[PDB]
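# Provide a 3D model corresponding to the input given below.
(9 chains)
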Amino acid sequence: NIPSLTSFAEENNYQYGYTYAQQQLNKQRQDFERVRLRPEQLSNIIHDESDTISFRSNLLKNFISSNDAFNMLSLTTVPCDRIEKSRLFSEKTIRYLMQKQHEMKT
Amino acid sequence: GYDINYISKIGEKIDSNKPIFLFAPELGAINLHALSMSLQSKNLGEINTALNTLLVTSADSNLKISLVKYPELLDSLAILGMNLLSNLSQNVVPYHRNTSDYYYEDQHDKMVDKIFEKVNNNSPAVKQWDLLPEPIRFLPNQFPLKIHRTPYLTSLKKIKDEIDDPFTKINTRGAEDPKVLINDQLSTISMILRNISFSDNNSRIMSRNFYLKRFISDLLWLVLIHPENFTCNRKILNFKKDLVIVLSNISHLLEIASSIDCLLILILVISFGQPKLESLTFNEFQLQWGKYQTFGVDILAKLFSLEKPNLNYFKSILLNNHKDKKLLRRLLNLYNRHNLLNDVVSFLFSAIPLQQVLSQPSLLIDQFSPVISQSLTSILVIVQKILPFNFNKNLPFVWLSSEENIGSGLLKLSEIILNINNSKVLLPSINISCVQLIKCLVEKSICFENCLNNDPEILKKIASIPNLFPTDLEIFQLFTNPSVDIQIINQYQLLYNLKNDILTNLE
Amino acid sequence: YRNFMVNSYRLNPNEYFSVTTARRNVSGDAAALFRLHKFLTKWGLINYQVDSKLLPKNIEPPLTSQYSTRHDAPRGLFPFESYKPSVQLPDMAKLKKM
Amino acid sequence: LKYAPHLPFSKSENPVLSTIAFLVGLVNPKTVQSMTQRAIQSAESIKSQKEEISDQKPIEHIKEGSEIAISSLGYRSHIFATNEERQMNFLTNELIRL
Amino acid sequence: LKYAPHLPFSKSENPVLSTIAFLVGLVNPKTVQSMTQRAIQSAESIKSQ
Amino acid sequence: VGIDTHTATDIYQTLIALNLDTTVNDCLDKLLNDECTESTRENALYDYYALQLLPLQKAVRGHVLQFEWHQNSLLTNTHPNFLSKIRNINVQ
Amino acid sequence: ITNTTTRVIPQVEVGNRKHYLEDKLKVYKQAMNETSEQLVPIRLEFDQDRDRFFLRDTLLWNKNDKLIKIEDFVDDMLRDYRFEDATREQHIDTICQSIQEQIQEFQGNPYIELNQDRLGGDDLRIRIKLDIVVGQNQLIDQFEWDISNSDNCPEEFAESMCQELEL
Amino acid sequence: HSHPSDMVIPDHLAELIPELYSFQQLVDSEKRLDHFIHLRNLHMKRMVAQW
Amino acid sequence: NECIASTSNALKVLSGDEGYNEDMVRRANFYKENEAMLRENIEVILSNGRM
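Numbers count the residues shown, from 1 in each chain, chains lettered A, B, ... in the order given. Sharing the structure here:
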């Protein structure tokens, strides 16, 4: 097949109305461009991450994540002088930067 | 105060069984003429119930919507999408105006009626208007300030950070805001137009439709230059995600109208893919993410096939009727010489998965042969018919030696493809495309050096590519096996004759 | 011209109001009268009920019928609510005071 | 607040005032004296403040107390925001080491 | 009460949030912003010392 | 503390019904007793006419609003994932 | 009828005629370059000899009109005359070629309209005779008509005469 | 669930914490290192097959 | 105020209910600012014969 560019012309094709070579080329045209342009009627209809995203699950997760983070704010009756600060380094990041600074003189 | 996991578990079933709109089996005899006349009715319900009944049928894949039997539905869709793009950039609200909506409700005697205004107390001009408004450019509001080149993955992260926001407005509904009503009419228009274009007759009817080409050149301006009017950030991605699909099916017969559209096509196709932080400015897109960039390398492969207006517009854009001269020269220097050419060629060197098919052997090339073939065709068109003087930087040299060594990747890919078929249709074209691309890149590097004449020591630097230029032993192998072709070994032997002429001219 | 064509169709709606009778009965060129008649019949309004057919009979399932509505039905839309009266004795005193 | 239920004439629970007292009982009272001029600051500044808060309506005390409570909530939210920023810096250092 | 059929507030679950929901209508936001920024700057003046 | 929104809404319904019935019976008595003036008898007779057909007006105000909401059907405001049609790169 | 088994029916037609689909761009390309009209009197006569149809209809036609294809209008007219679908061996091409010839011979309103226009015209009064048959009535009347005046409206005089006679 | 989206620290965190650029161009500095191993492996598959 | 108005609205969508705000459409100034769409919808419902 792989019919033509002349078979795609408007003269050899039907229009809103109101030969043999044309009716032979339009067989191969409709038999080529209906196995090429047909959509996939099976799975892999996900196509990406941002099509199977769920508004209901994210809305439920945000309803939980706002409620518990607001219960963290108001109901935690620890005064501001008593809120102890967290460490800016870990127990492993403080070992690796003692190791690499020891090995930095090479 | 509630246990909202159980409440949402029940409300999912409630939303599933809720009577929102008709399903596919209960639509009855869909009459295309009734839909096409209701879209021109400028009502609100008659437009929306036509759009929904078109969206259900067009996505059904069992009910065909052919435009041979009725070609004026598409003009109604495109004129509606034109007139919605017009009053979105000006923030006019249709469908509920407080204007009257009606026009003039109501010889030798016109001088007698003129003096009748004298003796009772005792020639109208012409009109001019058009069918469609100006596109969306040549408007006083619309002047470019920033080409919104956001990539694919940053758009995905912006979507996932807008949905997972506490104070989100992504579900503010339709009747609570008119701007989201205009946006959800335009998204329905785009979903319909990407659903219609999967037929053999619609793809050639939509190709020869001045209304559809004007609507495409009208939306592609708005989604790239001024996307501030679209409410959500998922609608802006979804317009690009179905404009590329509707341009993938049309472009084999599309004749590009204006040069601004031919630039915005390039920017839209470039906007899929991931750049870096000269050299190749595009990291390779690994296809465990999504095949949406593979649609762009077919738009660029089919729109380069006409030397009529298409390739002339692409040439005048990549190398360099009275206001768009000012618009094109404003858009080209807003895009941050020859950044466009190396961006397009580096993106087309992406989506050829050299690293993935050469890491692990026949399945991946049998799956990705069409995208590889059309990408190599597009790069061959750009190399042979665009690159031959206003350059100031050697582009084929910084493609050949960009620390990724794509020439060695193409040569190993030609080895791989030559070692499967002789030990599944496009592969004899892909072999000759790879070898001719390497040959044309080396020859154009030497020709660009002869034209520019600033870097004399490149004959060493061309011959110092670690896996270019196949040895005489594999060509000795290729001249003995009967399972090889004639043009394959012809391209290989002229690549070797180029290799010998490197070393002769080296000293 | 438009009022003539619309008034002339609606005297006998079973008849296709042709272009030729409209051309023979008002004075004007055939092109503009043909274009106006085709625009008019494009939007209904004339020749809309030339060959009318009868819908035979509808075997109606329940809840798809006139007067098939109950007070027990859920008001998904129809946003006005019916609210539960709270009869609590301190709230009774509050209602008596307020 | 008119439409709030209560225990009438007995069993006085004070949701507004205990909410205000609970919100102000977390926020370091010297900076509460820095927050408003109305609060008691010294034993020499009781009489002038008591004179200057006079001739006010009963709604004014509700307004000022609720303003102080919401401002203390905002201050506590700022402290929690800075602690979360410290947490993000800790996660950044963990990422860099990994 | 403006959000009539959907009230996601519980005295046991959020005692503070319901009273704050009833209280935010009365206050002026400008003085609230002024007092919380004065609290922030006073805390910075203490912490810098 | 300060949470009861719900009982407040219910007794608000009760108090609204109380004040509405107070005004209805006021206009009813002022129209039924002719010891009241006709400018609050016949005025209140037609107040009572307005106090007779008000929730039928709200019923049409609900169904017409429901149909106006039905006009807002676009099928992309609803499920925003309506996957329409795709096709990957073919050998054709 | 909508209550069916969910087919797609494009343009269910009335009077056995597909709906006329306009161009909407040539309409504006013609309606804005719209200097004059130049109506053409067109005569159609056919007999049972040398033709099969009779078709004695007379119509006006705009000569400057480039919108409507003339074969489409003739094909609509033959469908309006209730000719059955064998209407090409009793050709639409014969009537289309007759109407194509009759608008080519129309030399237009001459230099009385083209070059000059004397207000009031000239003394060229011609003796118009007419003989019209409708149903079983025959209108026979003669009058005088200035052919040298441009602002003589035939339609405004025809409506005036049929007003008085109640035609 | 290999999400390609959440490998990006796009703007809002990198403006607040400046070390994230020092993280991100770290990762890119890894991504051209492993690729240098990859062109190494296709080198070592070549020369042995050459010999 | 954005934390409350996006919490009850977060309950209305998860429950499955829809429609206008009940306390907004209960007054009379709603049907005076929306005077345009009501003259359309009343004629549409009356002419179709559903009013």
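# Flag every buried residue along the helix or strand hosting residue D:81.
Assigned by DSSP states H and E, residue D:81 belongs to helix D:58-97. For helix D:58-97, the neighbour count (16 or more other CB atoms under 10 Å in any protein chain shown) marks D:62-76, D:78-80, D:89-90, D:92-93 as buried. All C-beta atoms are positioned from the backbone trio N, CA, C, and that covers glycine.
# hey, where'd the helices end up in the chain?
In the absence of a named chain, chain A is used. Using DSSP state H, the helices assigned to chain A run over residues A:20-32, A:55-73, A:93-102.
# not quite, I wanted chain G
In chain G, the helices defined using DSSP H lie at G:26-31, G:70-80, G:92-104, G:154-165.
# would a markdown table of those with distance to chain E be doable?
Below are the helices of chain G laid out as a markdown table (distance: least, CB to the nearest CB, whole Å):
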| stretch | distance to chain E |
| --- | --- |
| helix G:26-31 | 52 |
| helix G:70-80 | 61 |
| helix G:92-104 | 69 |
| helix G:154-165 | 68 |
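# Deepest in the core, which of those helices is it.
With neighbours taken as mean count of other CB atoms under 10 Å in any protein chain shown, the helices of chain G reach their highest mean count in helix G:70-80, at a mean of 19.
# and that helix with helix G:92-104, angle?
Calculated by axes from the mean of the first three to the mean of the last three CA atoms, to 10 degrees, helix G:70-80 forms an angle of 130 degrees with helix G:92-104.
# So for chain H, which residue is the most central one in space?
Nearest to the geometric centre of chain H sits residue H:31, at 1.7 Å (CA atoms, centre = their mean).
# do chain F as well
Centroid check for chain F by CA atoms, centre = their mean gives residue F:58 as the closest residue, at 5.2 Å.
# what helices or strands is the helix or strand harbouring that residue leaning on?
Using DSSP H and E, residue F:58 sits within helix F:54-71. Helix F:54-71 sits against helix B:45-58, helix I:35-48, with contacts defined as 3 or more CB pairs under 8 Å, 6 or more residues apart in numbering or on different chains; DSSP states H and E.
# Those helices: which one's closest to chain C?
Closest approach to chain C among the helices and strands packed on helix F:54-71 (CB to the nearest CB): helix B:45-58, 12.1 Å.
# Chain F contacts on chain C?
Counting by CB under 8 Å from any CB of the partner chain, the residues of chain C close to chain F are C:77-80, C:83-86, C:88, C:91, C:94-95, C:98.
# From these, list the buried ones, please.
C:77-80, C:86, C:91, C:94-95.
# of all those, which two lie farthest apart?
Greatest spatial distance in these: C:77 and C:94, 33.3 Å, computed using CB to CB.
# Give me the buried positions along whatever helix or strand residue B:161 lives in.
If you go by DSSP H and E, residue B:161 is part of helix B:152-163. The neighbour-count check on helix B:152-163 (16+ other CB under 10 Å) flags B:152-153, B:155-160, B:163 as buried.
# CA-only coordinates of stretch F:42-52, as CSV, when you get a sec.
Only the C-alpha atoms of stretch F:42-52 are listed here, as CSV (Å, rounded to 0.1, in the frame of the first residue of the first chain):
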residue,chain,number,x,y,z
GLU,F,42,-56.1,44.8,53.3
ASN,F,43,-52.4,45.7,53.4
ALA,F,44,-52.0,42.7,55.7
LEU,F,45,-54.5,40.7,53.7
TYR,F,46,-52.1,41.0,50.8
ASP,F,47,-49.1,40.6,53.1
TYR,F,48,-50.8,37.3,54.0
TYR,F,49,-51.2,36.7,50.3
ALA,F,50,-47.4,37.2,50.1
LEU,F,51,-47.2,35.1,53.2
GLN,F,52,-49.3,32.4,51.5
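# wait, does that stretch contact chain I?
No. Stretch F:42-52 does not reach chain I (CB under 8 Å from any CB); its nearest approach is 12.4 Å.
# List of residues touching that stretch?
With CB atoms under 8 Å, 6 or more residues apart in numbering or on different chains as the test, stretch F:42-52 has contacts from F:23-24, F:26-28, F:30-31, F:36.
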